[PDB]
Amino acid sequence: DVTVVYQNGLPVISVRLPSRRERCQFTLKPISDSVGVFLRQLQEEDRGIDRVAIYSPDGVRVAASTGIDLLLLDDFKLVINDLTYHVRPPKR
């Protein structure tokens, strides 16, 4: 359900937000954006989000200050309220 696709060289993360049926896509800058930036953009898009967090595939919380480029080196878990998505970005 959450996909990562590069378009024009930048990662586009498409997510299903809880308040809406229509997917929402987030383009990020891997060199400047952080995990915390992405999670804040999610919260700004949907007031129905009470909790967002990103974890490693082993289940360890990823620091907010971590660069998006580092996040997208491997799979990760994105928690939105009570749903956990396994995100599998393409290797770069």
# chains A, B, ... in the order shown; residues from 1 in each chain; ligands from 1
>>> residues_around(residues="stretch 21-25 of chain A", least_positions_apart="6", cutoff="10 Å", atoms="only C-alpha atoms", output="number ranges by chain")
A: 1-4, 12-15, 42, 45
>>> select_by_dssp(residues="stretch 7-36 of chain A", states="strand (DSSP E or B)", output="number ranges by chain")
A: 7, 10-15, 24-27, 34
>>> atom_distance(atom1="atom CA of residue A:80", atom2="atom CA of residue A:28")
18.2 Å
>>> residues_around(residues="stretch 70-77 of chain A", least_positions_apart="3", cutoff="10 Å", atoms="only C-alpha atoms", output="PDB file with N, CA, C and O atoms, in the first residue's frame")
ATOM      1  N   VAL A   2       2.033   1.317   0.693  1.00  0.00           N
ATOM      2  CA  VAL A   2       2.803   2.559   0.521  1.00  0.00           C
ATOM      3  C   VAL A   2       3.891   2.216  -0.495  1.00  0.00           C
ATOM      4  O   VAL A   2       4.589   1.225  -0.281  1.00  0.00           O
ATOM      5  N   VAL A   4       7.196   3.579  -3.114  1.00  0.00           N
ATOM      6  CA  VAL A   4       8.239   4.559  -3.392  1.00  0.00           C
ATOM      7  C   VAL A   4       8.638   4.361  -4.847  1.00  0.00           C
ATOM      8  O   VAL A   4       9.054   3.265  -5.237  1.00  0.00           O
ATOM      9  N   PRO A  11      12.442  10.709  -5.150  1.00  0.00           N
ATOM     10  CA  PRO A  11      11.536   9.683  -4.618  1.00  0.00           C
ATOM     11  C   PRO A  11      10.152  10.262  -4.370  1.00  0.00           C
ATOM     12  O   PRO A  11      10.009  11.325  -3.759  1.00  0.00           O
ATOM     13  N   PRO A  30      16.026  13.814  -1.233  1.00  0.00           N
ATOM     14  CA  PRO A  30      16.868  12.950  -0.405  1.00  0.00           C
ATOM     15  C   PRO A  30      18.079  13.666   0.211  1.00  0.00           C
ATOM     16  O   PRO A  30      18.485  13.270   1.255  1.00  0.00           O
ATOM     17  N   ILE A  31      18.571  14.697  -0.378  1.00  0.00           N
ATOM     18  CA  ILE A  31      19.809  15.389   0.102  1.00  0.00           C
ATOM     19  C   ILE A  31      19.478  16.390   1.195  1.00  0.00           C
ATOM     20  O   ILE A  31      20.406  16.756   1.929  1.00  0.00           O
ATOM     21  N   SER A  34      14.458  15.217   5.689  1.00  0.00           N
ATOM     22  CA  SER A  34      14.685  14.207   6.718  1.00  0.00           C
ATOM     23  C   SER A  34      13.420  13.388   6.958  1.00  0.00           C
ATOM     24  O   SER A  34      12.326  13.722   6.484  1.00  0.00           O
ATOM     25  N   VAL A  35      13.587  12.297   7.713  1.00  0.00           N
ATOM     26  CA  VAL A  35      12.438  11.508   8.164  1.00  0.00           C
ATOM     27  C   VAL A  35      11.422  12.413   8.844  1.00  0.00           C
ATOM     28  O   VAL A  35      10.214  12.318   8.604  1.00  0.00           O
ATOM     29  N   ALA A  53       5.217   7.235  12.709  1.00  0.00           N
ATOM     30  CA  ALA A  53       6.582   6.893  13.077  1.00  0.00           C
ATOM     31  C   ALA A  53       7.151   5.986  12.004  1.00  0.00           C
ATOM     32  O   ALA A  53       6.411   5.289  11.315  1.00  0.00           O
ATOM     33  N   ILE A  54       8.471   6.007  11.861  1.00  0.00           N
ATOM     34  CA  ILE A  54       9.157   5.106  10.943  1.00  0.00           C
ATOM     35  C   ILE A  54      10.120   4.238  11.744  1.00  0.00           C
ATOM     36  O   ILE A  54      10.794   4.728  12.655  1.00  0.00           O
ATOM     37  N   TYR A  55      10.133   2.941  11.435  1.00  0.00           N
ATOM     38  CA  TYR A  55      10.979   1.955  12.089  1.00  0.00           C
ATOM     39  C   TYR A  55      11.792   1.201  11.051  1.00  0.00           C
ATOM     40  O   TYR A  55      11.410   1.106   9.882  1.00  0.00           O
ATOM     41  N   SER A  56      12.920   0.648  11.489  1.00  0.00           N
ATOM     42  CA  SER A  56      13.707  -0.224  10.623  1.00  0.00           C
ATOM     43  C   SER A  56      12.947  -1.528  10.408  1.00  0.00           C
ATOM     44  O   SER A  56      11.975  -1.812  11.112  1.00  0.00           O
ATOM     45  N   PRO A  57      13.374  -2.356   9.449  1.00  0.00           N
ATOM     46  CA  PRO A  57      12.690  -3.647   9.272  1.00  0.00           C
ATOM     47  C   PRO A  57      12.772  -4.521  10.507  1.00  0.00           C
ATOM     48  O   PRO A  57      11.862  -5.322  10.750  1.00  0.00           O
ATOM     49  N   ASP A  58      13.833  -4.373  11.310  1.00  0.00           N
ATOM     50  CA  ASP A  58      13.947  -5.086  12.581  1.00  0.00           C
ATOM     51  C   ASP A  58      13.102  -4.458  13.682  1.00  0.00           C
ATOM     52  O   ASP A  58      13.091  -4.972  14.802  1.00  0.00           O
ATOM     53  N   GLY A  59      12.440  -3.338  13.417  1.00  0.00           N
ATOM     54  CA  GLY A  59      11.558  -2.739  14.391  1.00  0.00           C
ATOM     55  C   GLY A  59      12.162  -1.703  15.312  1.00  0.00           C
ATOM     56  O   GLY A  59      11.606  -1.459  16.385  1.00  0.00           O
ATOM     57  N   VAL A  60      13.261  -1.060  14.930  1.00  0.00           N
ATOM     58  CA  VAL A  60      13.903  -0.049  15.770  1.00  0.00           C
ATOM     59  C   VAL A  60      13.522   1.326  15.234  1.00  0.00           C
ATOM     60  O   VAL A  60      13.600   1.560  14.025  1.00  0.00           O
ATOM     61  N   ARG A  61      13.134   2.225  16.124  1.00  0.00           N
ATOM     62  CA  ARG A  61      12.715   3.575  15.697  1.00  0.00           C
ATOM     63  C   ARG A  61      13.841   4.315  14.977  1.00  0.00           C
ATOM     64  O   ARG A  61      14.963   4.314  15.467  1.00  0.00           O
ATOM     65  N   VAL A  62      13.487   4.951  13.865  1.00  0.00           N
ATOM     66  CA  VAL A  62      14.444   5.721  13.077  1.00  0.00           C
ATOM     67  C   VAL A  62      14.400   7.175  13.531  1.00  0.00           C
ATOM     68  O   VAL A  62      13.323   7.783  13.595  1.00  0.00           O
ATOM     69  N   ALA A  63      15.574   7.738  13.829  1.00  0.00           N
ATOM     70  CA  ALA A  63      15.660   9.116  14.293  1.00  0.00           C
ATOM     71  C   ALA A  63      15.048  10.080  13.280  1.00  0.00           C
ATOM     72  O   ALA A  63      15.187   9.907  12.066  1.00  0.00           O
ATOM     73  N   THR A  66      17.317  11.816  10.564  1.00  0.00           N
ATOM     74  CA  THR A  66      17.928  11.005   9.519  1.00  0.00           C
ATOM     75  C   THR A  66      17.498  11.475   8.136  1.00  0.00           C
ATOM     76  O   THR A  66      16.310  11.724   7.884  1.00  0.00           O
ATOM     77  N   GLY A  67      18.479  11.578   7.239  1.00  0.00           N
ATOM     78  CA  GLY A  67      18.201  12.005   5.879  1.00  0.00           C
ATOM     79  C   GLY A  67      17.329  11.014   5.132  1.00  0.00           C
ATOM     80  O   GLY A  67      17.426   9.797   5.317  1.00  0.00           O
ATOM     81  N   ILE A  80       1.070   4.529  10.616  1.00  0.00           N
ATOM     82  CA  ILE A  80       0.123   5.631  10.549  1.00  0.00           C
ATOM     83  C   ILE A  80      -1.061   5.195  11.385  1.00  0.00           C
ATOM     84  O   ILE A  80      -1.804   4.297  10.976  1.00  0.00           O
ATOM     85  N   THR A  84       0.448  -0.505  10.176  1.00  0.00           N
ATOM     86  CA  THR A  84       1.874  -0.543   9.867  1.00  0.00           C
ATOM     87  C   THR A  84       2.043  -0.954   8.413  1.00  0.00           C
ATOM     88  O   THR A  84       1.529  -1.996   7.996  1.00  0.00           O
ATOM     89  N   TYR A  85       2.745  -0.136   7.636  1.00  0.00           N
ATOM     90  CA  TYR A  85       3.065  -0.467   6.256  1.00  0.00           C
ATOM     91  C   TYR A  85       4.526  -0.859   6.146  1.00  0.00           C
ATOM     92  O   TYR A  85       5.400  -0.168   6.678  1.00  0.00           O
ATOM     93  N   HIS A  86       4.783  -1.875   5.454  1.00  0.00           N
ATOM     94  CA  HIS A  86       6.165  -2.312   5.015  1.00  0.00           C
ATOM     95  C   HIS A  86       6.421  -1.680   3.671  1.00  0.00           C
ATOM     96  O   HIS A  86       5.811  -1.987   2.607  1.00  0.00           O
ATOM     97  N   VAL A  87       7.397  -0.759   3.775  1.00  0.00           N
ATOM     98  CA  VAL A  87       7.752  -0.009   2.577  1.00  0.00           C
ATOM     99  C   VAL A  87       9.030  -0.600   2.005  1.00  0.00           C
ATOM    100  O   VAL A  87       9.996  -0.835   2.739  1.00  0.00           O
ATOM    101  N   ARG A  88       9.006  -0.852   0.700  1.00  0.00           N
ATOM    102  CA  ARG A  88      10.185  -1.425   0.022  1.00  0.00           C
ATOM    103  C   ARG A  88      10.632  -0.476  -1.093  1.00  0.00           C
ATOM    104  O   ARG A  88      10.161  -0.607  -2.215  1.00  0.00           O
ATOM    105  N   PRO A  89      11.527   0.482  -0.813  1.00  0.00           N
ATOM    106  CA  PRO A  89      11.998   1.383  -1.863  1.00  0.00           C
ATOM    107  C   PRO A  89      12.906   0.651  -2.825  1.00  0.00           C
ATOM    108  O   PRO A  89      13.501  -0.384  -2.473  1.00  0.00           O
ATOM    109  N   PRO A  90      13.066   1.168  -4.040  1.00  0.00           N
ATOM    110  CA  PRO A  90      14.025   0.573  -4.975  1.00  0.00           C
ATOM    111  C   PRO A  90      15.445   0.978  -4.625  1.00  0.00           C
ATOM    112  O   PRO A  90      15.716   2.125  -4.264  1.00  0.00           O
ATOM    113  N   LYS A  91      16.360   0.025  -4.767  1.00  0.00           N
ATOM    114  CA  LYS A  91      17.756   0.267  -4.436  1.00  0.00           C
ATOM    115  C   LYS A  91      18.384   1.234  -5.432  1.00  0.00           C
ATOM    116  O   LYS A  91      18.120   1.167  -6.636  1.00  0.00           O
ATOM    117  N   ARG A  92      19.196   2.151  -4.918  1.00  0.00           N
ATOM    118  CA  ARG A  92      19.829   3.205  -5.712  1.00  0.00           C
ATOM    119  C   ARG A  92      21.359   3.130  -5.742  1.00  0.00           C
ATOM    120  O   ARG A  92      22.039   3.668  -4.859  1.00  0.00           O
TER     121      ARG A  92
END
